[PDB]
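Residue 12 in full-length UniProt numbering sits at position 11 of the sequence shown; the count goes up by one each step and never skips.
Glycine included, C-beta positions come from ideal geometry on N, C-alpha and C.
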Amino acid sequence: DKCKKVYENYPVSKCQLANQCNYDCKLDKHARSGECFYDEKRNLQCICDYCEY
């Protein structure tokens, strides 16, 4: 899944809405979705995906 890019230094509270995360991801990196993901720090991170799921 190379089509994935983890967001670093991004508000987690905002990730509370799969709508904001994906939206922000595109507006910033212009990906396809960019939903939130739980990493090791348990912090919601937006993973900008540049592909078809």
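{"Asked": "Please classify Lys5: does DSSP put it in a helix, a strand, or coil?", "Found": "strand"}
{"Asked": "Can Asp40 and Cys4 be called in contact, C-beta distance under 9 Å?", "Found": "no"}
{"Asked": "Using a 10 Å radius around the Cβ and a threshold of 16 neighbouring Cβ atoms, would you call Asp25 buried or exposed?", "Found": "buried"}
{"Asked": "Give me the DSSP bridge partner(s) of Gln46.", "Found": "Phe38"}
{"Asked": "Can you give the Cα-Cα distance for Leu28 and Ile48, rounded to whole angstroms?", "Found": "13 Å"}
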